[PDB]
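*Asks:* Can you read through this structure? Questions will come right after.
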Amino acid sequence: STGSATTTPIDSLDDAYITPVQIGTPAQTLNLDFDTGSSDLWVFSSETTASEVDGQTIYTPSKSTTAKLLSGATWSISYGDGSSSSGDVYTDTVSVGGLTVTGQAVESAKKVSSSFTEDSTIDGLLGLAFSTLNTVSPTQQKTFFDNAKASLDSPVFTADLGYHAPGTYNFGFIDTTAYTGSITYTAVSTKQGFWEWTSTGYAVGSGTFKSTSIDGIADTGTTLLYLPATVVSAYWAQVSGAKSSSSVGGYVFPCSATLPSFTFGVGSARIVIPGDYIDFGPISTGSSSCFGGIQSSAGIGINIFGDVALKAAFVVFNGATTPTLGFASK
């Protein structure tokens with residue numbers, strides 16, 4: 001089997017992407033944030049504290065003839081950005097882009113933190129990291145991909161995120177029309193439960209490539225590119241007036257600037273992030289200070305190849321017995 005679904009930016013900055021997901025019988029379609037940095041499929045629901053729901057579409061398990069309470073199971077997750085959610089668990093039929101999994105754990109939120117409530121466009125998350133990170137207790141649950149894997153034509157999914165435009169998540173096949181040149185595959189460590197890999201270096205604009213190993217994670221659920229402070233300083237030093245602002249929470253730059261590209265290495269291959277992808281616009285409406293899309297990972301504890309990086313590439317998440325990651329230009 002295969003599946004193919006379009007993913008759409010939630011706003012004009014590409015802060016996140018939503019993908020329609022069918023849950024239950026008859027189908028209830030919710031728009032979920034596909035997150036290769038976590039492993040829980042959770043949704044706003046009829047059980048979510050009413051004051052914490054503001055415009056989201058909810059899953060109502062009592063209206064699904066295939067929903068079953070997973071008795072005694074609870075979940076609770078905290079994300080890197082400080083957001084969180086928790087609740088109980090149903091199993092139900094879940095379909096993405098025509099690919100159907102029966103008996104998928106659907107984690108129903110009883111509580112969500114303010115960041116989730118405030119984002120009316122995101123109805124929940126669909127985790128695509130390794131199932132070892134799943135938070136359901138006392139019986140850990142599998143991700144949608146893990147459950148689908150054996151049925152898929154090939155045990156892979158691909159992320160093809162758009163820059164200020166829709167893109168595609170495919171399951172079970174590689175669309176050879178969706179990228180240019182060849183796909184370069186690179187080793188993955190699953191030791192921390194992430195799609196963790198080692199970039200071979202970087203360049204700023206038309207500058208020379210610096211060969212250096214940068215361990216990090218491919219994370220579709222993180223907006224920006226978070227890299228070591230040395231790398232980030234070298235980038236922003238090429239933008240007149242750019243500076244790190246503790247009050248704003250990162251590097252800012254004059255909105256009048258033209259940003260240089262940023263290149264990262266994948267083996268001997270190179271992925272080029274155009275400068276425009278690094279512009280996250282005014283820090284507040286009407287400001288002439290703009291927020292940068294490359295930020296320091298210092299104090300995160302891990303480097304994160306988030307959407308800024310991933311949307312410059314066609315990315316293969318290869319879930320074969322020995323997983324790997326592939327990157328192609330597009």
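In the structure tokens, chains take the letters A, B, ... in the order shown, each chain's residues start at 1, and ligands count up from 1 in the order shown.
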List as a PyMOL selection string the protein and nucleic acid residues near residue A:202, meaning an atom at most 12 Å away when only C-alpha atoms are counted, but skip any in the same chain fewer than 2 places from it.

*Replies:* chain A and resi 198-200+204-214+227-228+230-232+234-235+261-273+309

*Asks:* Go ahead and write the residues just picked, C-alpha atoms, as a compact mmCIF listing (two decimals), in the first residue's frame.

*Replies:*
# COMPACT_ATOMS: atom_id res chain seq x y z
CA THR A 198 25.51 13.95 11.06
CA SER A 199 25.84 16.74 8.54
CA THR A 200 29.28 17.04 6.95
CA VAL A 204 27.42 30.81 4.15
CA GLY A 205 26.34 32.43 0.89
CA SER A 206 29.01 32.04 -1.78
CA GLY A 207 31.65 31.31 0.86
CA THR A 208 33.86 28.28 1.06
CA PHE A 209 32.48 25.08 2.53
CA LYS A 210 33.61 24.28 6.06
CA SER A 211 33.98 20.54 6.63
CA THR A 212 32.82 19.81 10.15
CA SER A 213 30.55 17.17 11.69
CA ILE A 214 27.22 18.51 12.94
CA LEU A 227 22.81 24.94 14.92
CA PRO A 228 25.92 25.45 17.08
CA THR A 230 29.84 29.12 16.10
CA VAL A 231 28.00 28.26 12.87
CA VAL A 232 25.13 30.65 13.58
CA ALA A 234 29.36 32.95 11.13
CA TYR A 235 26.06 33.16 9.24
CA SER A 261 21.90 31.45 1.45
CA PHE A 262 23.04 28.71 3.83
CA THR A 263 24.38 25.38 2.60
CA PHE A 264 24.54 22.18 4.63
CA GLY A 265 26.36 18.98 3.76
CA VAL A 266 24.85 15.53 3.40
CA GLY A 267 27.80 13.27 2.75
CA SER A 268 29.54 14.72 -0.30
CA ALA A 269 26.27 16.38 -1.40
CA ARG A 270 25.06 19.89 -0.60
CA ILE A 271 21.61 21.30 0.15
CA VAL A 272 21.25 25.04 -0.39
CA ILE A 273 18.73 27.00 1.70
CA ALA A 309 16.34 23.26 6.34

*Asks:* So which residues of stretch 174-308 of chain A fall under strand (DSSP E) by DSSP, listed as number ranges by chain?

*Replies:* A: 184-187, 196-204, 210-218, 225-227, 243-245, 250-254, 262-266, 269-273, 279-282, 289-292, 294-296, 303-305

*Asks:* Got a sec: who's within 6 Å of residue A:131, counting only C-alpha atoms, leaving out chain neighbours fewer than 2 positions off, as an MDAnalysis selection string?

*Replies:* chainID A and resid 39 133:134 142:143

*Asks:* Generate the output file for the selected residues, N, CA, C and O atoms, as a compact mmCIF listing (two decimals), in the first residue's frame.

*Replies:*
# COMPACT_ATOMS: atom_id res chain seq x y z
N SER A 39 6.52 11.20 18.87
CA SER A 39 6.01 9.86 18.56
C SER A 39 4.62 9.58 19.10
O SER A 39 4.24 8.42 19.26
N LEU A 133 9.87 6.69 21.77
CA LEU A 133 9.55 7.95 22.43
C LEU A 133 8.08 8.10 22.79
O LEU A 133 7.70 9.08 23.43
N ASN A 134 7.23 7.17 22.38
CA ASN A 134 5.81 7.32 22.63
C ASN A 134 5.53 7.37 24.13
O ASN A 134 6.11 6.59 24.89
N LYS A 142 2.58 2.36 19.26
CA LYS A 142 3.32 2.57 18.03
C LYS A 142 2.81 3.77 17.24
O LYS A 142 1.62 4.11 17.26
N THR A 143 3.72 4.41 16.52
CA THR A 143 3.33 5.48 15.62
C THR A 143 2.54 4.95 14.43
O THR A 143 2.55 3.76 14.11

*Asks:* So, with only C-alpha atoms as the atoms that count, which of A:70, A:171, A:116, A:129 lies closest to residue A:100?

*Replies:* A:171

*Asks:* Extract the full set of alpha helix (DSSP H) residues from stretch 53-243 of chain A according to DSSP on the backbone, and format it as number ranges by chain.

*Replies:* A: 114-118, 144-148, 229-236
